[PDB]
Each structure stands twice: as structure tokens, then as C-alpha cells.
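Single chain ahead, written as C-alpha cells, the form deposited in one PDB entry.
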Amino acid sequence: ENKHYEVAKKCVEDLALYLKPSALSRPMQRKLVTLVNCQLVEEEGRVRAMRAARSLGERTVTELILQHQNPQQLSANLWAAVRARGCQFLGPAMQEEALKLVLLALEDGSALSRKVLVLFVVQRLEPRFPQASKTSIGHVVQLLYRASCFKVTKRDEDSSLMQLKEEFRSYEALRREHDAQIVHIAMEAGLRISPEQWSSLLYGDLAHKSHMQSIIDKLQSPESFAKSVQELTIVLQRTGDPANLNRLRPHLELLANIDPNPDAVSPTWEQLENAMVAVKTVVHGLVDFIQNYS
């Protein structure tokens, strides 16, 4: 006898059919299960469902953006940005040894002109890595300078001398500020990159997600659902949108306007119905788009 409840329940059952008693990613599975378990005859269940739907929606936007993202074009863009600010990243093994060699020189509180510091490193990097040039090592040093690792002392008729600050005289402290500056460069160039891409880019493995997450939390605020939809819009403007993903926009906007905060007003049946319809439409879209286009 309740049209709204029937459409809504109908929408949820339909989405349940994506669950194997692997059409979706595991995140989507987790979040879908949450919505499906919601009891729409109770208020605490209608509320929890509005929250679930927003989550599914925000995630859908994310996977769509990720689908358009080429990691080979993305990394070239990272290093271009780095080089455009005078710095370099020589690749996981090489940077490691170089930062260590910097550390080795200045740990004790030694003070060396930039030129003297570069030579020190390059000399000791020769055996394991002969492609090292005074210019490349220079840029690694400029990287550390940009991250404000050095205390520097002016002199007349002779070179300025550089010391590491007390607080960076360890590889943990040094690598952390180093890694942070390369993120800060990513942000300046307008590149959202994920702890897993980062871990892969700087160390060459998936084992530094946690370390990297900690920095991004410190340097960046997470992007609202709203700003993500705007992000996808632009991509779609640039591609021309042959799958008509832009048809999902009304629905994503509806979902993003759901107030997730816990002081929020419970939904009306209408609002609930519209939300379930919206999330159904969006999720179906994601699946169809992945199944039909690369």
C-alpha cells in the first residue's frame, strides 16, 4: 500500500543481485552490503540507508575518475613538476642511497658548502650507481632545501655553508620531510595521487601506504563528494563522454546533498525513494561503463 517503500525496496533488491552468493570492486561490495542490510521500516534503518547511499555514490564517482586515469601519463607529469621546481627524484634505489649519503655527511653536525656536499655524495655513489652527475645530485639537494631541511650560514668571499637542522638528522626524519615535499609538489601541479600510487612511485612496492597516508592526512583535506563530481565533469568535458556518464549527474548531486552528519533530520519516504533510485542508477552505470569500455 506504500508506493515509496515498494520502489525503494525494489531498488535495493535489484542492487543485491550484484552480490555473488565479482561484478564490483570490494569496496563497492562492502558498502553495498551495508545498504542492503538496512531495515527501511525503521527510522534508524532509513537513516543508515541515506548514509549508505551517499557512500556508494561518492565511491562510484571515485572509481569513474580512476578509470580515466593513466598511470604512465600521470607519473611523467609528477617528475615534470619536480623538475620544473628545480628538483629531481632519481628512482627508489638511487634516492635512498643519496639521502643516506647526505645524512652520512651532515649527521654529526658537519657544515659543507653545497658544492662540497655534492662531491661527497657523488664520489661515494659511483661504485653502486655510476650515472650520478653533480647536476642530478645538486637537484636532490635543492629538493631538500625546498623542504627546509638545512640551516644555512652566509659568508663573504667564500661559499655559504649548510647544516642539517637538529630535527632532520635521521633517515626517518629526513625521508619523511623529503617524501612530504614531493607530495606538496604534486598538489601544486594539481595531481591527486593515492598512498598506494605514492608507495609504488617512491619506494617501488605497496609496503609504504601507511607512511604515505599519514602525510597526505597532514598536508591535504579530503575532497568533498561535490568537488569530486566537478572533477569528473571536467574529465567528461575533455573526453566528450561517449557513454553519456553525464546522465548520472542529477543523481550524484542528489546523493551528495544527503547530510551524513549524525545531528541530521531523518528522511521522508519520498526522499528515501529518490535516494535509492539515484544510487541504483549510478551503480548500474558504473558497472555498465566498466563492462563495456576498457
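So that there is no doubt, residue numbering starts at 1 and follows the sequence shown.
The following text describes the form deposited in another entry, which does not appear among the structures shown.
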item: Hinge candidate matching the rigid-part switch between the shown form and the other one, set 240, 130, 261, 221; value: 221
item: Outcome for the Cα pair residue 207, residue 29 in that other deposited form, compared with this form (closer or farther; change of 3 Å or more); value: farther
item: Inter-Cα distance between residue 55 and residue 215 in that other deposited form, nearer or further [3 Å or more]; value: closer
